[PDB]
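Notes for the one structure printed next.
Along the sequence shown, the residues carry numbers beginning at 1. As a basis for the values below, the full set of heavy atoms in this structure was taken, side chains included, without hydrogen atoms, waters or symmetry mates. Each ligand, and each atom within it, is numbered from 1 in the order the structure gives.
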Amino acid sequence: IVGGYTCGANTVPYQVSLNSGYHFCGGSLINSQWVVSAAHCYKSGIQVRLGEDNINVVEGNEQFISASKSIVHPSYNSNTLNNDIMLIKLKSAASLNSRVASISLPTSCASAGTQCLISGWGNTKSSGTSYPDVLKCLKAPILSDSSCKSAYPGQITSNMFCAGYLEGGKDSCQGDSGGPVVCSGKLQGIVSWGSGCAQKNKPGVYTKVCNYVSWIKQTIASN
Ligand SMILES: [Ca+2]
């Protein structure tokens, strides 16, 4: 996250880290046994880490649970990043409390102008590299589809939205990928891609979770 603030320990209780020997992507806890992330984060041998603040120090609220199964969206296109979403099932159910909680899936799509919280452990610099140990947060509005498609001509589909600031300075970034965009208490997006980070006229682009609800519910009911 560039231009954000330190969320504070376990203030974002649905935030996950995906670990394969190291943090590589975020994710969101959607019930005791299921995580939603970005299909571009797919790897074999994932360990899910819940209850994290400092990802380098054991501070007492963690639960580290390996993944049983990963399901990448049937239509995911790695060249376009269209349908950039995947489901991870945990080998055992997480123990849910105040500091480790699921986030609700949406009933409606959220509109342009809605304010959202985006969080992750990703790069905090627009130029150069500097990875935080503690969780960082950003509040950012959803942009109009017009503005989004004018920023990324030919690249935005129905399954994406923009969020952030056209003036740059404030964005998500590499390492935040797969993580949550929560608006009005519901999971609306997943951190997917962008041109650089926090650059002027190049906002972040997010998977539009309200288009996948039926696919998520069906999947989890049968697996
Ligand atoms: Ca920790």
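The only member of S172, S195, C162, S147 that meets side chain to side chain contact (heavy atoms under 4.5 Å, CB included) when paired with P203 is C162. Put simply, the residue from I216, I88, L90, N223 that forms a side chain to side chain contact (heavy atoms under 4.5 Å, CB included) with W34 is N223.
At a cut-off of 3.0 Å, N56 does not coordinate the Ca ion (ligand 1) through any N, O or S atom. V58 lies apart from the Ca ion (ligand 1) in this respect, since none of its N, O or S atoms is found at a distance under 3.0 Å.
A donor atom on one side chain and an acceptor atom on the other are not found under 3.5 Å apart for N83 and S75. Under 3.5 Å, the side chains of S17 and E52 contain no donor-acceptor pair of N or O atoms.
Per residue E62, closest N, O or S atom to the Ca ion (ligand 1): atom name OE2. In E52, the N, O or S atom that comes nearest to the Ca ion (ligand 1) is OE1.
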